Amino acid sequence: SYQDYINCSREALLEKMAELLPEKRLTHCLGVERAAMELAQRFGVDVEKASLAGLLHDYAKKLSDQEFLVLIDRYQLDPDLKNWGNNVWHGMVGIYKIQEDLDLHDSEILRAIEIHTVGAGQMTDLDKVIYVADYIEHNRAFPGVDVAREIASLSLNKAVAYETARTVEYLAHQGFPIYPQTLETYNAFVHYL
């Protein structure tokens, strides 16, 4: 059960999350919980760890910049992090909020949440499940999600590569800064395409 990992039941967690998140974001997290379960089952990842990480991945999405900065100092994280924003922080720094609020200590779950946006050059299968589940969950409707979903039914590694290439392409299209760890993921996985 979820109580094996955090300090409350699934039902209690959903009540807490309904306070922290706008409706659309909670629905998203519920979608990721479901997609992560399906992917985990397909690719032989612990379905419970996948479901919980999937539900939690965007828990800290609505923390203020101030709170993230406090957490960076508190946990004496990479000071370069202060150069970034919510996009980078909600996973990379938000894991400390999750740990504080829910007493989550499992290193695999924490890591999967940590790099859910940016990935890493090296990702566990659990990491990959969350990263992909986020992108393909049933509530998303971006153009091309059908292709992501087809790829994810066949290959976890290729789904990671596809998502990362699309994100890097989109950020450059938008003229948005790209976190350097994202490029590590990109170059590590792009061959799978």
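Numbering starts at 1 and runs along the sequence shown.
Two stretches are in play, 164-172 and 33-41, and the higher mean C-alpha B-factor belongs to 33-41. Annotation for 15-23 versus 178-186: the higher mean temperature factor (C-alpha) is found in 15-23.
In the deposited coordinates, the residue among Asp146, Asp127, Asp65, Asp58 with the greatest CA B-factor is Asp65. Among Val93, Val118, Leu102, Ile113, the highest C-alpha B-factor in the deposited entry belongs to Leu102. For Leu77, the recorded CA temperature factor ranks within the highest third of the chain's modelled residues.
Annotation for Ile151: CA B-factor lies in the middle third of the chain's modelled residues.
In the deposited entry, the Cα temperature factor of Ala141 places it in the highest third of its chain's modelled residues. Among all modelled residues in its chain, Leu52 ranks in the lowest third by Cα B-factor.
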